[PDB]
Structure formats: structure tokens, C-alpha cells
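Coordinate analysis (summary)
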Amino acid sequence: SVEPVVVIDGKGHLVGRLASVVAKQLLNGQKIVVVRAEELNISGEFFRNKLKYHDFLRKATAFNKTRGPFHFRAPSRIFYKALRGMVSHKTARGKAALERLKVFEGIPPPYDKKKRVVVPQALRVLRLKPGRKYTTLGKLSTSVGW
Amino acid sequence: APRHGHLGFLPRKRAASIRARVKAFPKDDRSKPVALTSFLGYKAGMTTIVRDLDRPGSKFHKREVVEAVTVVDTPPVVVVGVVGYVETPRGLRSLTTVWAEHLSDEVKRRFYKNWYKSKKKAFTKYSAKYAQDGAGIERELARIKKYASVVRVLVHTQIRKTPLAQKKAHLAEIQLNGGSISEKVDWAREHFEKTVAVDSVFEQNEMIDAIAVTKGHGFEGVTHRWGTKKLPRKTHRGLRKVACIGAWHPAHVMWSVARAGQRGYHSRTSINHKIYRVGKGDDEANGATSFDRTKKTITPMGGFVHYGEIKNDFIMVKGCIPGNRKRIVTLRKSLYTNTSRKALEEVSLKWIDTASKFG
Amino acid sequence: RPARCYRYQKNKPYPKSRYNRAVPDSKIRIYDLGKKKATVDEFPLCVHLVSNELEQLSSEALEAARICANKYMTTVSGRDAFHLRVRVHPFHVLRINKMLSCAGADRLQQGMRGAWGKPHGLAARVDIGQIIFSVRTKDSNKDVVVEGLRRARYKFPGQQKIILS
RNA sequence: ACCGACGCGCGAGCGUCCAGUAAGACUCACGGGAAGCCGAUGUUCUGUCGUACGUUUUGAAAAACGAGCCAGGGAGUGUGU
RNA sequence: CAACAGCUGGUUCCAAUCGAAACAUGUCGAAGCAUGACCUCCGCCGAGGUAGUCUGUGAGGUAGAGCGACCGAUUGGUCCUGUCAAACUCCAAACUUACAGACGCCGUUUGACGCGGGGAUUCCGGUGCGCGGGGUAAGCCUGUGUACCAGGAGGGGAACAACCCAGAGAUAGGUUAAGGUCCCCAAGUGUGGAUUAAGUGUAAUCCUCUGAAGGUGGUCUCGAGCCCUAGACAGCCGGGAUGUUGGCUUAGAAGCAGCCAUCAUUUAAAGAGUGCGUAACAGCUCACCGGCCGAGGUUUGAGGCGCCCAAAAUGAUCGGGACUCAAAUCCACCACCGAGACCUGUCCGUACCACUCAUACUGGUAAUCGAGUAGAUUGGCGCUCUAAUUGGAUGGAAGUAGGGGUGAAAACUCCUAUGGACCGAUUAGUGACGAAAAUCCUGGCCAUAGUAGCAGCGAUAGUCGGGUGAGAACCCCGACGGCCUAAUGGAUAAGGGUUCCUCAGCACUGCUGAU
RNA sequence: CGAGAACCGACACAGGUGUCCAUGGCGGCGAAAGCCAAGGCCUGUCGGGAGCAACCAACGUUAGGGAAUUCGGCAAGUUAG
RNA sequence: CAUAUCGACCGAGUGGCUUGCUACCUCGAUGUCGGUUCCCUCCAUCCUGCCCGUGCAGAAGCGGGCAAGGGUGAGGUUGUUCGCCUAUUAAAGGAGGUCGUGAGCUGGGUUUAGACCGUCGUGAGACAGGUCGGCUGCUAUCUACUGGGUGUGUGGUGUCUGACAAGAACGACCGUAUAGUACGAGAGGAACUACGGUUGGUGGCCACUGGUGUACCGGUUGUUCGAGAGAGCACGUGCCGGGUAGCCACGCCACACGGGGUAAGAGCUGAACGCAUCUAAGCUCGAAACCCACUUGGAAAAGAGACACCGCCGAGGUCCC
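Basis of the calculations
Note on numbering: every chain is counted from 1 along its sequence as written, possibly out of step with the entry's scheme, and residues lacking coordinates are dropped from view. Starting at A for chains and at 1 for ligands, labels are handed out in the order in which the entities are written. This view covers only part of a larger assembly, and the values given relate to that part. In computing side-chain values, all of the structure's heavy atoms are included and hydrogens and water are not. When DSSP finds two or more bridges between two strands, those strands count as paired. Under the scheme used here, helices are H or I runs from DSSP no shorter than 4 residues and strands are E runs no shorter than 2 residues, and both carry numbers assigned from the N terminus. To sort residues, take the accessible area from a 1.4 Å probe on protein chains only and compare it with the maximum for the residue type: under 20% means buried, over 50% means exposed, and anything in between is partly exposed. Contact definition: two residues touch when any of their heavy atoms are within 4.5 Å. In this text, near means that some heavy atom of the residue lies within 4 Å of the molecule or strand in question. Pairs of N or O atoms within 3.5 Å make up the polar contacts considered here, provided that, within protein, one atom can donate a hydrogen while the other can accept it, and that residues adjacent in sequence are counted only when both atoms are side-chain atoms. Ring geometry is summarised as follows: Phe, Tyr and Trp rings, the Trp one being its six-membered ring, pair when their centres sit within 6.5 Å, and such pairs are stacked at plane angles under 30 degrees, edge-to-face over 60 and tilted between the two. Two conditions define a charge located above a ring, namely a distance within 6 Å from the ring centre to NZ of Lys or CZ of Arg, and an angle within 35 degrees of the ring normal. When a carboxyl oxygen of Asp or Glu is within 4 Å of a side-chain nitrogen of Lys or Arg, the pair counts as a salt bridge.

Header annotation of the entry names cryo-EM as the structure determination method and lists the resolution as 11.7 Å.

The following block contains the structure:
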């Protein structure tokens, strides 16, 4: 498969905070993947999350025709896309370290060994006085067809 | 608008192959498999039938005409070669085959009897190179250890007797859906060496999708493509031309909107064709009937269409689409979608209309 | 209506009756309500009516917003209690687009110079904190008069503060 | 600079002394080494900046005007006062 | 006749110093001029000058305010009481302004201030801010003061004439400004604290960033009233007496439309009843009564973050991604990033000083020099032929093409190829003497394109053999098949002018080919 | 030659340009149509191939309805000697 | 009885369909009005689905919420847009796209040159009066889209997979049973569910009916071939009568449900706040709408796929007929 450099878990983990790291590191040269896209969460929700996202109610998909653009539906692409943002994807080391990063669908990570968390981008979803409903990953991409 | 025509089938090219290739297959439980989940021969034109009404809640339980319709001539057809497929990621890919040492004496064209020396044109399926086992073993081993995917069989409809057809047989693989796998794998192996007919997977009353390329002409204008409005009178004299297609930033229009192009041709299935009858050409009667070796039950006198007389195995598929036409080749299926429940093994078929097409 | 390019002061003086004629009469009934004469001033309970804004309410604004006000002041038995006072008068005259002066926005017309807007209406103006129209009596009820002005405000372009006694 | 010493400040902290208490671009010398080895042209990649030119205009990349391209031609001169 | 135009277009080399006006008066004048303002150059003069501030001596009636101070508006009452002003004023700024002294700055080799003279350009402006007048308003019209754009780079603002920083010689190192530090993107996923759950917000200014007079016991913070250990709220739990439906009134009026009365009894306590409710009753509630543990309770105002009044047309958006104990907001704070600005080395230009014949050198000063459209000034032209002085060329002139060097520049010069005979320089003359652009002129050439046309007409015309020939779909022979019938037949006028006939031909012409 | 190449129209131009043959046959009222002689021609001068699609020019036939179309029965049709 | 419903004054907004303004853009030219044809969109929903309220008995309504899947026409006058009128209909909504659409059509109106009338003018002539007639250029370079190929990137035959993409593939109505029932004094008069059918849309097909059918057969007028026979011409069939195949529509066939998750709403358990509470965590249901189901396309999805067999000196393929 792809050669990992530092594979990163992404379970309860804010997506951007993670992909705002691995897309820095990616830039420097580092190779690799986040897994557990699927459980990777962004806060604020169950509404202006479903919409302005990619549901078949978001209407992100099915948005247009021969003009695009199209978005993504799978939890992989959904926050792969986030990764492209925060990268000068178009050219240079941009689409370079870009290609050299993959997000994997996964329940517990498909590759054998648990991968590291990042500098605290953790859910801390327990007795969330500070927390509130934030649920995303698969779920957003589940309302939307896979 | 509504938009004219409907997206769906796209782009709307010509059709590669004049043989239908079913995208999907029924999914099954409590199944053999068939191998020939799909099985088909093809069209003769058709008349109409008087049928007893089946079993509705409704009062009508009497004679009523339905278009006993396009009787297609099938079969028998032979499955030579069950093909395994195994392993992803990527997609399905063939494994190894099986064989058959029977070789219908006509399956040279589009098959065997290729020149031994290599020809610039690619050679079709021909085989004298045989390893029945080895293929069997390869499949079995790549079963326990690796995987396998749904297995299917090659098939080829013979033109034993059809008006104007030849040794050429244009057949495509039809999948077998049995139970687990290995049970079914056995089934497709038994129905390997051997031959089949419609009266196998089939049944009167049972609903089946039907697929085939529509008959039709080459490129035509917008109006009789997806329908479009003709006129107004100005460029009325000229051909119907739709208003400009898209105007803005892209100079070109992807459009999805009214363009001239090929029509005719196709490749589309129909769903839930009922199959009112099953049949033959040999004489069989409950009581005395004509003798002196009469002919098929439903073929009009005067023959039918260009390619006439039917005298062998038939099928009647009411409300004929057929999703193609005269002497082409439709493929049968099982009814994947299904709506209403199945009817019966047979229908009454009180009367069949036999008359010269003309007149 | 609507009053938009009416009550924002972006002009300067006059009223001046010398200068102007054909002023419409005000449709603002008397600015003396309740029993006058006797000094209402001896009262418990106090006042209201603070503008909290800039200016120019038209007589159309005050005259149905003030008797509207009085109407639900009637509760205190016709002639028995409070005096109502209004402060400022609708002096101030406004003119509206008569196509001859300038161009563009109002107080400009067609051409350059020329028709100033023709007289149509008058409105008093007020400051950030002025008392639009006040007076009270002893606490008749909880404060019917306080209820008054609830209605009174809500027909003023400004957001008026009740202001406690 | 610290530290420590003394003196101030409601306090954070400051003043005075300690104290202007290795390294440091260039250049050179000795020794050693390099000869595609040290020092423009064509095309291309990367970085920064960048929507022609001339004219008209308050404002032109302009959906304001001109030119397809190139060569050659193509506009302040004479007398008198 | 090269008509005239106040109107459109065009007007060809480099560099250095200065550097506008888009306003005033007159004008058959408003698409133009002249004269002033303003720009520049030259000569003169000779010691003061005044863009800033302070003080002194004067000028002033706008802001505000007020009107028992004029004036004119504008309430009520039996003197009290309610309001106003561009064309009101008993008052009265800030501030602008004349003059002087003082400090500052500037000037006497850089000669200021000023005087005289030459040359202009210019008299369609625009934007921000402050003050305006008109107008519903405007990316409106029209003033004024000022700074900017025009004619001003560079950094920032997503992009963007005039918003912010900033005014710019070349090159180099360094530090900052505005702005920014999660990624895209340099620098923080900075510190202490609090709010927000709406993705509010991540939007200084503005045609541009809307939002005015939907909801939230999510959570945090702040305030106010009342009630509490004589025990609150729940505060919570439970209960909601007799005369009697009080008298009157009323259709009814029974605690609760209204008027009058508001006693008495039995009580632990209970109003001739606090509110809801009924047609009136009923019923609920308080008011009122009983119980219960023990400490806060309840009502309400405001703010922070989040959560779930407010409608628009191809695909939603803070520049995007995306963000919530924040990457939002407010109050503080620490460290960084980040311009051509500021500092710093060398060089260049310009001005001035010293020396000098010199504007040639050399040394020196510039914190108080270095942006620029129109325009003024100054250093660095080309063409023809004549003459004097004087040079080059077949060991390759001029011209041409491509390329190197110099000059602000017009333009000069060299190298290579080509070309294959003429060509310069200096000085004095002479005159049919002058590029990127003008729907510029002439020529040449690419794309367009192996594209359109060689079909359409009431005349749809050929085909098979053969002849000739280097070559034959269309030149000729035969056969077969057709076309024209007032004409595609016959004879002629005009007009053409050898197109007629023969022989030889195919470079030209023939809508393909051709014998 | 006297003209769908000898004339005028920039051309081997579907245009324009006078006179006599008006007694060739059938037809019929006819110097009309249509067909055919005599006479002239295959030079209204590019060809070859695909059942030869879309689209266009001319045009034929369309069931039932019959101007509902449209500014308007435009266009076509109807009638016919 | 504010708040079933209607709802002034005043105040705050949103949209960008009307109108006005800008005199900002274009006068070396951005083709007019109306119509037509063809595509997309907006709400802020007219109908249909699911809901809440009622001044909700029922029936019929009225008002409000979610919701854009589908549907939402034909004619008479007028150039008209607009609007008036008629009969149907579930209803016959409105608006944006250079007042969408002239390198698409039309050319009836405005607004050239001709002319008449009225009015005004001494007159030429005029009119924000009326009227008749009055022209529509271009071979597509780029871009855009609809379809079709050749290559490049990541041995062949046959059969498949499915990332994604399209759909309205279905919408709606009438009738019968329910039932002359519930509800109601009576008059009147439902529903769930099960059936039959119609209409609009969609796909396909021609046995049947119908159209065409200058294939064909016949009748017949004129004329020419002497007559007869048999024929030519009469636009490309002279005309009339009939009509095979094929192609067609006016003909015929087929086009669900159901499941999952939601909105409005109806509820459950349930605290904060001992009670109460549909909500704060949790949960049961619940729209024609969303997803699936179903039809169509789809190895160029660069992770460029899978399987079986044949084959690398001959498997297959192109040409050929």
C-alpha cells in the first residue's frame, strides 16, 4: 500500500486541526495518511453541517452540471478536500505533498499499528460542559449515500 | 420546463455490440444457480392473444385480449464454459475457465476454427488446448484461500433453425446465482457439459426484464431525438433547430440539452415483462388436433414479417416491447425489480391470432 | 407615507410663514390634554416620553400617536385626573420633489435650481433626549399612563424610552 | 547580560556598580587542492511582481478607438515683417 | 484646390533641472480664444523674508445658546404654564484674519524678498475627510476648506485611481510601518481572564461590509425588587365553614358587570372575598388554613460565547479551506513576521564649496538633494549635392539580414553572412531634407483551407464497345438512351473584328481533364 | 458569330439585345399543353462512392378533425374544358 | 372576546420581477415592441403529501407550518404587453435569465422615403392624432454544448463489476362497494380500505382501426404513334377509384408498492426547577418532499477494474466477398 511516514489516527479529533498539521508536514515532505476518517469530528452541528456540506439535502452534491464544482461524499474525500484547502494544490510542491497524503476509510485503522494523535486536537467528549453536539465523519457522509 | 427527453441513458452514443450486456443480475437465495440467469433467442413479430384473466381480486376472470405479443424464438442454448472471477481491489477479473468438448458444429465463426497461424485480427474463443481440471482446481483453491466472485457461463445461442441466421452465434456470459458459492460452483459445472432451454430458468407468468438495442436510424435532428419543438415559421422551412444551447462563460455547452446525434440503436432493458407463454413447435395436444406434423402454435400464416415461420421452442412476452426488433437478439433475465406477484406456471391462452401480417 | 426622506434632518431652517404659504394644516389635535388649568404638577407618579433619537416627527406622526395615547388615558374616567402635555410643535416645513430644481435625491428636482419641493406637510424634530410628551397624576392604577405611550411609542420613527417617574 | 552589591517604587518592576565586561562581513599570509576548474547565449523549471502598446478619458485590461504580420515610405517647411 | 473647420486621428533619437492648470474677468462665449492666477527660463536688485508657534494691538456674529432683549412664529389657565427661527439677537465660542515683537526656519559664493523681460501649458476635472445648499434618494447636482488621484512607485486591503503604511537613484546588509502570526502564506495552533452556541462571528472605511421599528431554564457574567431560621421556594405538600344567592339592580347578577353595605356566627382559621371562570350557578385560585424539612428563594433588567423580526432569480460562502475552553468576541499581555519607509557599506547623478583656464582633475558638504503627465530649460541628430582640408575600398565599398558596443535621444559604431563597386570624415555652403501606431501608403507573406464554390434553373444525360495517343469519364467512330420544336432549328440587323479554314501545338486560357 | 462561349454587362455572366421563317405531323378553339418529325444537341460542361444518416432546397401522399394555425387562410388546396 | 379571522398608525427589514435615478458605461453602431420556439432558475407553494389552529359537529371551508417530487392547458376581439370575454380544469400562480431568446424564426405595431383625413401654420411643413403601402446581410477562427473517432498515460475472445451520472417516470382526477351508513331534528351527508376507469406525462410497438403508400392494378378526358393492340406526354402520378409492405397515431402495450431517515405536527420517558414539561441527553411515529427501491448511461474512476478461456508463431483481428 502507501508507505506510511507518520500515520495519524483521527477518531474524536477535530478535522481541520488535524488537517492543518498533516498539510504542513505534508508540505515538508512527510508521507502520510490519516485513518479513521469515518470518526473524525467537527463541532457545531446537526443542521448547518448537514447543509453547506455534502448531503443529498446539502445539495452540495447534485448542485450543478457542466460547470461544477463537485464536492465529496465519502468521509475520505470530505476531509481530503479539507486537506487540499490549506495547500497550494494547483502547482509545485502543492500537488506533490498533496498526492503524498491519503486518508483512509476505517473503523479501527486498517493498518496494523495504532497511529498517533496530534498536538491536542482531541474531542475530549466526556461530560462535555465545553462540548456540545458535534458529530461528523461517516454520519454526514451516511445521510449522504456512500 | 419540462426538459425535453430525459437524461438517464447517456450519453446516447451508438451502441457497442448489437448484443445486450446486462449491467446487473438478480440477487438470489434458494437458487441453483441457473448460470443462464439470462437466456435468450430472438424476435419474430407478433400478433395478439386472448387470455383468461389470471387471479386478480377483480371481477375479470374471463377472456380478455392482451397483446400476446412478440413471440421470440428460443431456444435451446448451450453454456460452454463457466468462468470464475476472483479478487480485488480493482474490480472483477477473470480467473480461469472450464471447457467443454462438444463444440456446436457452427461455433467456428466468432469462435474456434480460427487459423492456427496467428492472424492480425485477434482470435476469438477457440480451444483445443484443454485442461478441464486445473481450471477446476484453480477455482477451488482460489475459493478457500483467496476469493472468487460471482461465476457465470459463456453461452451461445444456436441458429438451429431460424429464418436467415448462421453458424455465427453471438453470445455473452450470464451469471449463475446459487446459494453459498461452492454449492453453486458445483451447479455450474454440471450444467457445463450439457445443454439447456428456456424451460429451465423461466416459467409462464414469471416476470423478466428484457434487454436489447433499439432499432433505429442514424443521426437525426432535435425533434425526433428527445422531442423538441419545431418551428416557429421562419426557420420553419429549415430543420427544427432548438434555441441556442447555453450562453455564457463556457463557450461550448455540455448542455444535457437537445443535440443532434445518433438515434435508433440503443441498449436498454425493459422491466417486468410478464412471460405469458412458454412453448414449442412440436405438436402436443390435450385432445386431437391437426396432424401430419403441424407447426408451431403461434406464427402467422404468410410467415411473420421478413423472417417467417416458427416451428420450435418459443416464448411469448406480453405487451411486446421488445426493446429492439425483428430478428435481433434480446436477452432474458429474471425480474430484478419486480412489482406485482407472480402469476401461474401457465396462462389459459384461449386463443392466439394467426393471420397473415398483411391483410 | 412612508416617512423616510422626511424625518432625518439633512436640511436647515424654516418654517418661515413669510416665505412659505399653502402649508397643510396640522392634523394634530390640541396640545393640552386632561384637565388643564389646575396644576397637575402636584402629583405622585411621573413622566415618560423620551425620544432617544434624532428627529423630525411629522404631524402625521404625532396626532395618531398622542390621541391614540389619550384614547387609552380615557380609562381614567374622562375628566378625572392627569393633564397631558405635548411638547414640540410641527413647525418645520418640508418640501418634496417638484421637478424643477436639481436632480437626484429629494430637495433636488430636475434641471438645476428651480422648483424646490412643493410644500407638503410639517414635522417637529427632536434631539437624543427630549421629552416628547409628558404628564401624569397620582398612581391611578399600576400606571395606565405608562401603558399609554406604550401605544404612543410604536408610532414614532424613534425608539422612545418610557423613562421612570 | 545574569548573579551579587546599593538605592528607589503601592506594585509589576526600575536606577547605580559590576560592564560596553568568544564570535563577527571584507581583505591578506602559509599550506593544500580544482582546469568544465573559477568567471554569456538558447530553452525550460522554481520564487517575487505583473490584466499589452498608443490614444480618448475624471477614470482603460477594458464589453471605449486603432492595427493580421513584416519591410520600405510616412508629419514643424519657405519668404516677408 | 494643398477650399475652410474652434471637430476626430496621427506627429519618428537618449539623458539631466524645474514642474502645472482643470480656476477668475471679457468674449455670437461655454468642444474656442484673450487677459489674469499658476509653471519655466533669462537679466537686474540687494537684505531681508515669514509656510509654524507664542504674546501684544485690532477685525468678525457662524456653532451653541436665548428671547420677563427686538422680531415673527407657537400652547393652556386662573400670574402660572407649553414651544421655535437660513433670511431673530440681550449674549457668544472654537476658529479664520490685518499688523507688530519674539522663537523657529530661511536668505546674503545656493542672492532670498522683489523688479523687468522670453516661452508656455491650462480655463471637460475627480475622490476622501470636515462644513455645507438643493433633492425621497443616487456611483445625484452644485459650493467651500484640505489632502490625495489625475501626473505617485513600493507594502497592505482577495481583486480595486484617490482607504491604511509610504512618497522612490543603483546595489547590499539590517530593523521596522500598515497589516498579520491554524493551513493555503512569512511569523503563535501565544499567556491570564470572561462572554457567545447563533457557524452569531472570522466584514476598519465603502455603490461594495445591510439589517429596522424568529426562537433558546445551553452556559457564563453583572444589576435591581421582593421573600427567608418569628423557617422562606418546592419553597414544597394538602385544603379552598354558617346566616347568605347580604341589600339593590338585572333576563340573570349567587365573593368576582354595576351601586350600597361589609356585619354577625362557628372557629385553629376562613374576606359579605384576589384573580380565572359560568348565561347565571358550578369549578379553579388567593386571599385564607394546616403540614413539612432546613437555607437560601423568587421576580426582573443587561451583557459574553454557543445552540435551533429576516423572501429572489446559473453553484452557497468570511479571499478559500476550515474554525467553537476558538482560528469568534471583549479586557489585558508576551514574543515574532512583515516595504523601496528608517538605519548602514560602496557607487551614480544633481547642486554647492575648495583648487583650477576648465563645466578636465583632486578633495569636500547635502538631516535640511534624487517620483512625475502638459509644459519651460539644458548636455548628448539625420538626408542630397557643391567646395577646401583629408581618409577608406576587389586583402571586398554601398545596400541588405542577423547579432555586439555607445549616446537621455535624434542617432553613431563594430562583428558575421550576403553583396560585388563604390564610400566617407572635418569645415563652409546647398535644398524637390526626415516611426509601433494615423479604419496611415505600397509591396510581400502566414493563418484562415486543401475549406466555400465547380449541385439548385421544366434542358437532371449518358452508357457499352472501338479509334488516336506518352497519357483519354468528357477528342473522334458506331450502337443504344435522351434533350430542344417561335427554339438549343434556318436566315439576318446592330455590335464584334479574323473569332472563319488548314496544319503544328498545350507554357496561357477552358469552373476537372484534354490528344 | 449573331449568342446559356464570337454582341453589352470587368468573365466562355442563369441578365440584357431588333427583324423574317406564325402553313411540318397528332392534338385542339388555338401561333395553347403534351408527344413526335426535319434540323440541332448531349457544352445551360467536373467526376467517383455510401439505401445515400442528421440538417437544407424543390416536391408527392398522409387516417380522424377541418382555420382550432396566424396580424391576416400567408402558404397550399378547392373549382376547372 | 386584539391575536379563528381582518388589522390602521408608527417602527425595522429582505428581494432585485416594476418604475425612477446614475447621466456612470456604449454614438469608428451591444439590432426595436409583441409573438414564437428552446433551456435553466426564483418563491415568497396554486394543486398534490404530511401536519397545526378554527368563530373545527359533519360536509364544505378559512388561516398557518414543512415541503420544489410531479403537475399547473384550449379558444373569441386587439399588433398588442396588459386586459376583457367563453367553455373546460385539480388549478388553469406570479417573476428573473441584456424587459432570456432576430450570426433562430416572424414582421402585425413604433419610427425612413409615397399618400389621405382631422387639427395647426401665410407658407415650406408639423403632430408623443388617425390611416393604407412599405427590405430582415455573413461559407464559424475561438469558445460552449450534443454525438462520433484517433492517440497518449495507468495479446485476444466472451462475460461482468460500479465510482459516479440522469429521471417525474410517474402526477392527478372521476366512479362503485363502504353507505343513503357515521354525524344530524331535519335538510343534508363523510372516511379507512378494496376495486373499475379517465386525464396529463413517459417508454416502446403495428396483430387491430386509421393515414400514407408519384410500388402496383383498374377506369377515363385530350393528344401523338394510321386503326386495333400496346404505349408517350398533360411537373414531374393528367384526373378519378382501390391499395401490399414499410413508416406511422387518431391505433395498441407497459410505467408500484414497500422500506429507511426527516420537516410541520402528534406523542413517550425525562431532568434542569423534588411538581409540571414532547427536549435539554434518550425515544415512538409522522409529508406528493429526502435516501433506497426501479429504468438509463457508465473501465479514461490515473487506485485507469474483475473473471473464465484461448494465445505469444500464431489466438484473434483488419481488408475482401
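Now that the structure has been shown, we can carry on.
Some thoughts on the pairing of strand β1 (residues 49-52) of chain B
All names here are of chain B. Pairing analysis gives four bridges linking β1 to strand β2 (residues 63-66), with the strands arranged antiparallel. Within β2, the residue paired with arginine 51 across the bridge is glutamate 64. Pairing of β1 with strand β13 (residues 351-352), which is carried by two bridges, proceeds in the antiparallel orientation. Bridge assignment links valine 50 to a residue of β13, and that residue is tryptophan 351.

Remarks on the sheet that holds strand β3 (residues 71-73) of chain B
On the basis of which strands lie adjacent, the open sheet formed by three strands has the order β3-β12-β11 (chain B) and antiparallel pairing. Of all strands in the sheet, those bounded by a partner on one side alone are β3 and β11 (277-278) of chain B.

Some words on the environment of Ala100(B)
All names here are of chain B. With respect to the helices and strands, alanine 100 occurs in the loop between β5 (82-83) and α1 (132-144). Given the relative accessible area of 13%, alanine 100 is considered buried. Sequence separation between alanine 100 and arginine 110 is 10 residues, and the spatial gap between their C-alpha atoms is 17 Å. Excluding residues within four positions of it along the chain, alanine 100 makes contact with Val80, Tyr130 and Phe192.

Quick word on unusual backbone geometry
Residues and elements named next belong to chain B. Cis geometry marks the peptide bond from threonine 88 to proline 89, where omega comes out at -5 degrees. Structurally, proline 89 is set in the loop between β5 and α1. The step from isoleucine 321 to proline 322 runs through a cis peptide bond, and the omega angle for that step is -15 degrees. With a phi close to 70 degrees, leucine 231 is a non-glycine residue in the positive phi region. By the element assignment, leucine 231 lies in the loop between β9 (207-212) and β10 (268-274). Positive phi values are uncommon outside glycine, yet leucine 349 reaches one of about 45 degrees. By the secondary structure assignment, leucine 349 is in the loop between β12 (314-316) and β13.

Quick look at the protein's contact with RNA strand G
All names here are of chain B. Lining the immediate environment of RNA strand G, one finds 127 residues, of which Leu92, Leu95, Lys121, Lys229 and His252 sit closest. Of all RNA strand G atoms lying within 4 Å of any protein atom, the proportion belonging to sugar or phosphate reaches 74%. In this structure, a sugar or linking oxygen belonging to RNA strand G sits 3.2 Å away from a main-chain N or O atom of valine 83. Between RNA strand G and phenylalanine 111 there is a distance of 2.9 Å, counted from a phosphate oxygen to a backbone nitrogen or oxygen. Secondary-structure elements contributing two or more residues to the surface near RNA strand G are β5, α1 and β10.

Things to note about the side chain of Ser141(A)
Residues and elements named next belong to chain A. With respect to the secondary-structure elements, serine 141 resides in helix α4 (residues 140-143). By relative accessible area, which is 5% here, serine 141 ends up buried. Here the side chain of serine 141 touches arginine 73 through a polar contact of 2.6 Å, landing on its backbone oxygen.

Looking at the environment of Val82(B)
All names here are of chain B. The residue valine 82 is located in strand β5 in this model. Residues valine 82 and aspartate 282, spaced 200 residues apart in sequence, show a C-alpha to C-alpha distance of 31 Å. With residues up to four places along the chain from it excluded, the contact list for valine 82 reads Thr96, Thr97, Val98, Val151, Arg152, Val153, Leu176, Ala188 and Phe192.

So, the packing of aromatic side chains
The full count for this structure, using the stated rule, is six aromatic pairs over all chains. Taken together, the ring pairs connect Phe111(B), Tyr112(B) and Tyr126(B) into an aromatic cluster. Against the face of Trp351(B) rests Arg63(B), its NZ or CZ located 5.6 Å from the ring centre. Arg125(C) extends its terminal NZ or CZ atom over the ring of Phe91(C), reaching a point 4.8 Å from the ring centre.

What to know about the pattern of salt bridges
Residue and element names in this part refer to chain B. Inspection of the entire model under this criterion finds 12 salt bridges over all chains. Close ionic contact of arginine 51 with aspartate 54 constitutes a salt bridge, the shortest N to O distance being 3.0 Å. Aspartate 73 is paired through a salt bridge with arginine 160; the nearest N and O atoms lie 3.6 Å apart. Pair noted here: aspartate 73 is in strand β3 and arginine 160 is in the loop between β7 (156-157) and β8 (174-175), with a separation of 87 residues, a long-range link. Put simply, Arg51, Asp54 and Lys274 are held in one network by salt bridges that share partners.

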